[PDB]
Amino acid sequence: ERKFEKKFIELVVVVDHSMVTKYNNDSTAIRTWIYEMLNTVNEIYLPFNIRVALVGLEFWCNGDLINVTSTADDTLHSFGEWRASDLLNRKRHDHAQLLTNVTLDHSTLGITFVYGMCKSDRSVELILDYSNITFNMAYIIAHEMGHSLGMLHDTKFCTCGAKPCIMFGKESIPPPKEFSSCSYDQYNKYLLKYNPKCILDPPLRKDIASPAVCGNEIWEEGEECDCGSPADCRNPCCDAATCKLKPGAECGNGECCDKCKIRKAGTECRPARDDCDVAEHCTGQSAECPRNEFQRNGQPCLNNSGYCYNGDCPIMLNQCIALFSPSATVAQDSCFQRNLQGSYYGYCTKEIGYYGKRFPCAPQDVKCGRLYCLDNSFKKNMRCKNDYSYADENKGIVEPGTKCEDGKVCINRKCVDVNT
Amino acid sequence: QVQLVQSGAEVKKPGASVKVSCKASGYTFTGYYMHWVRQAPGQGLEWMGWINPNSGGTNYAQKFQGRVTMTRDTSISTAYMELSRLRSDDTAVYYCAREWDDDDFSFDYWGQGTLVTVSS
Amino acid sequence: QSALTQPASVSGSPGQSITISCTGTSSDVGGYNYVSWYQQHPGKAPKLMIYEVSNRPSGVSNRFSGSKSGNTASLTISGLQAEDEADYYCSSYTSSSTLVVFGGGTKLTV
Ligand SMILES: [Ca+2]
Ligand SMILES: [Ca+2]
Ligand SMILES: [Ca+2]
């Protein structure tokens, strides 16, 4: 229905200790398997104009760092916490996925948090290697990653081509290859509402770990040009079948280069998209733009309403708008005192599981726990509504970097002074 | 569990003022509005305004706007209600009804009730 | 007394079922459908049975059910026992100076 603007997801795939032992430490076979399923995933997202470029692989070999359990929710929360604590601090990426051989309860094969694409604690994925063929594997890879983009399980009467679609959830005798018409609108609504700015920029060609393949609309290091399928390449400067530059041309795909010739040094190629998104200028001898950078974290943003944190300006008002309604507002200071109780919903940190010692928040840290938002649209009771569910507990907690008080922001669930 | 305990019964001649206290324990006192309910013997329940234990802001019913003043003590976790210029109609028992999580217009936990009587 | 109107008294038998009516104007009960019911034993503080017309807090028997029809909200009890010899009060949210108003109460004899 629409040609969506071209977005690149940076993915990191982690293999569990159970999975690596199934292949008897044959890392080459695992790498080939991952590359094949990711090629299939890139093939199936072609109509969405979304590319999944693998950035790095993590091998938990001869050890494990999280308590992987048969319960999907527990291990999913544990992996999400571990990811947001270690992987983002160690490796820049957009999405993370765990590959495990441990069977899960109720025969569940994959699970992930919806709408969590750019979220630190909530962009995480769990998949079980249940198939001997890569096609059925990429089926549920695509299903879960589509969940993470805000697309839900397919509702009746949304069948595509008289065949079950990818968002069906339940198994089908032939594995399908296309999303339903009731998914394009959901993706568009997610883009309009949650505004996932973290997947707009393409990754550097030098950072890609996946081997180069011609025709996937991704420019890897080993190839001089990559425009996509030969039947789609409208750029005269390259031919996809040859996968080489047209004679007389100096560029293929890119942002800094324009009009099929390298632009002069000092010309802007990555414009400022936000208050703390400082622009970058071309190096003058490369078609790729320099790595995206932002202003120092801690600068005021959005009319002094918040502080920037890694290129984003988080405020409790925007989170309330996202959670409940376009007219939501942060609740009164009285309701944030409920986090002192350590109740089943009000807490700061808790042990992994349905049960767990939910630690009560500190008296000054009450505003870094749950987020309470006033909304009189649904019902006038519960003046301080909150969103909480055992599947996606982290949703509804204030994002790191939000302004708890003047001169202080919530870092690691604690209201601490800015520019310490 | 949530527990509410109030002061002993008082006898006041007409024209005086009465101050009752309600002690809250087992929960964060500042997080929940503290309503007051007044019941004459043999009659129905009457409502009195709520006090916000965090900010101290108070609302009063139209029947009591000129009579009641409500005060809090966060460091002790007690609420106070003052009723001045008592009249013989004000023979009743008083409960410090609390709100709760799923509804703000309903009261789950009530104090044991203190009885105030006014006569010659 | 208060604005909400309830029947003066009602009686039943342990092997029977009963209904208690609560009524008010459009602003009192009919409009905002936030009615809740209370039960009070002699000498004890009132206890909450149902809220939001039909919703019911945990820790009480299933014999207490609530429903709304126009301006009138009704409470029905089936299988009377010794616990039901108490007073029942109706309360509703009002869009006026008074935030919430209670009922006149009724006496139930088993
Ligand atoms: Ca990115
Ligand atoms: Ca390529
Ligand atoms: Ca930039």
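Residues numbered from 1 in each chain as written, not as in the entry; some residues may be left out. Chains lettered and ligands numbered in written order. Heavy atoms only, no water. Residues with missing side-chain atoms left out of burial classes, pairs and counts.

Method of determination for the deposited model, per the PDB record: cryo-EM, at 3.43 Å resolution.

On to the overall build of chain C, then. Along its length, chain C carries one helix and nine strands. Along chain C, helices and strands appear, N-terminal first, in the series β-β-α-β-β-β-β-β-β-β. In chain C, once contacts between residues fewer than 6 apart in sequence are set aside, the share between residues at least 24 apart is 56%. (Helix = DSSP H or I, 4+ residues; strand = E, 2+ residues; numbered from the N terminus. Contact = heavy atoms within 4.5 Å.)

Here the focus is the sheet that holds strand 9 (residues 114-117) of chain B. Residues and elements named next belong to chain B. Ordered by their spatial adjacency, five strands build an open sheet running 2-9-8-4-5, and the pairing between neighbours is mixed. Two strands close off the open sheet at either side, each with one partner strand: strand 2 (10-11) and strand 5 (45-51). Bridge count for strand 4 (residues 34-39) against strand 5 is five bridges, and the pairing is antiparallel. Residue pairing for strand 5: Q39 is matched across the bridge by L45. (Pairing = 2+ DSSP bridges.)

With 23 residues of chain B at the interface, the matching set in chain C holds 20 residues. Mapped by element, the contributors of at least two residues to the side of chain B that touches chain C are strand 4 and strand 5 of chain B. Partitioned by chemical class, the residues of the side of chain B that touches chain C number 11 nonpolar, nine polar and three charged. (Nonpolar A, V, L, I, M, F, W, Y, C, P; charged D, E, K, R; others polar.)

Another point: the coordination of the calcium ion (ligand 2). Angles at a metal have ideal values that depend on geometry: 109.5 degrees with four tetrahedral donors, 90 or 180 degrees with six octahedral donors. Residues and elements named next belong to chain A. Within the protein, the calcium ion (ligand 2) binds to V213 (O), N216 (OD1), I218 (O), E220 (OE), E223 (OE) and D226 (OD); these donor distances fall in the range 2.3 to 2.5 Å. Counting along the primary sequence, the residues that act as donors to the calcium ion (ligand 2) give the motif V-x2-N-x1-I-x1-E-x2-E-x2-D. Among the residues examined, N216 registers a relative accessible area of 11% and is labelled buried. (Donors = N, O, S within 2.8 Å, 3.2 Å for Na, K, Ca; no water. Buried < 20%, exposed > 50% of the residue type's maximum accessible area, 1.4 Å probe, protein only.)

What follows covers the pattern of salt bridges. Residue and element names in this part refer to chain A. On inspection of all chains with the given rule, the structure shows 23 salt bridges over all chains. A salt bridge links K7 to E5, with the nearest nitrogen and oxygen atoms 3.9 Å apart. A salt bridge links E293 to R291, with the shortest nitrogen-to-oxygen separation between them at 2.6 Å. By relative accessible area, which is 32% here, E293 ends up partly exposed. Salt bridges sharing partners connect three or more residues here, namely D201, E255, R270 and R273. (Salt bridge = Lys/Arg side-chain N within 4 Å of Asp/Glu carboxyl O.)

Below, the discussion takes up unusual backbone geometry. All names here are of chain A. With a phi angle near 60°, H106 is a residue other than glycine that sits in the positive phi range. Here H106 is to be found in the loop between strand 3 (95-100) and strand 4 (110-112). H106 gets classed as exposed once you look at its relative accessible area, which sits at 78%. One non-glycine residue, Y115, lies in the positive phi region at around 65°. Mapped onto the fold, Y115 is located in the loop between strand 4 and strand 5 (125-128).

Here the focus is the coordination of the calcium ion (ligand 3). Residues and elements named next belong to chain A. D277 (OD), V278 (O) and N292 (OD1) make up the full set of protein donors to the calcium ion (ligand 3), lying at 2.5 to 2.6 Å. Expressed as a motif, the donor residue spacing for the calcium ion (ligand 3) is D-V-x13-N. Taken together, the residues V278 in the loop between strand 8 (268-270) and strand 9 (280-281) and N292 in the loop between strand 9 and strand 10 (300-301) connect sequence positions 14 residues apart.

Bringing the packing of helix 2 (residues 27-44) of chain A against helix 4 (residues 134-148) of chain A into the picture now. Residues and elements named next belong to chain A. Remark: helix 2 packs on helix 4, axes separated minimally by 9 Å, with the N-to-C direction vectors making an angle of 60°. One finds that helix 2 runs oblique with respect to helix 4. As helix 2 packs across helix 4, the resulting crossing turns out to be right-handed. Side by side, helix 2 and helix 4 meet where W33, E36, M37, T40, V41 and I44 of the first sit next to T134, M137, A138, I141 and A142 of the second. (Axes fitted to C-alpha atoms, helices over the stretch in contact; angles between N-to-C directions. Parallel < 35°, antiparallel > 145°, perpendicular 65-115°, else oblique. Left-handed = near helix turned anticlockwise from the far one by under 90°.)

Inspection of every chain in the model, using the stated rule, returns 19 disulfides over all chains. Each sulfur of the disulfide joining A:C320 and A:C373 lies 2.0 Å from the other. Taking the torsion about the sulfur-sulfur bond, which here is approximately -80°, the covalent link between A:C320 and A:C373 counts as left-handed. Linking A:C320 in helix 6 (residues 316-323) with A:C373 in strand 13 (residues 373-374), this pair joins segments that are 53 residues apart in sequence. Pair check on accessibility: A:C320 and A:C373 agree, each one buried. Each disulfide pairs two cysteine sulfurs, and for B:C22 the partner residue is B:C96, the sulfurs being separated by 2.0 Å. The sign of the S-S torsion, about 60°, decides the handedness of the disulfide formed by B:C22 and B:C96: right-handed. You can see B:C22 sitting in strand 3 (residues 18-25) and its partner B:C96 sitting in the loop between strand 8 (92-95) and strand 9, a full 74 residues away along the chain. Each member of the pair, B:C22 as well as B:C96, carries the same accessibility label: buried. (Disulfide = S-S within 2.5 Å.)

Turning our eyes to something else, we now look at the UniProt feature "binding site: Ca(2+) 2" in chain A. Residues and elements named next belong to chain A. Those places that UniProt annotates as "binding site: Ca(2+) 2" correspond, in this numbering, to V213, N216, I218, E220, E223 and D226. Turning to its location among the elements, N216 is positioned in the loop between helix 5 (181-194) and strand 6 (238-239). Among residues more than four places away in sequence, those in contact with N216 are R51, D226 and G228. Of note, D226 is situated in the loop between helix 5 and strand 6. Judged by its relative accessible area of 2%, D226 is buried. Setting aside its immediate chain neighbours within four residues, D226 contacts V213, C214, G215, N216, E217, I218, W219 and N253. Engagement of the side chain of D226 in a polar contact is seen with the backbone nitrogen of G215, the distance being 3.1 Å. (UniProt positions renumbered as here; feature names shortened; annotations may be inferred. Polar contact = N/O pair within 3.5 Å; in protein donor to acceptor, adjacent residues only side chain to side chain.)

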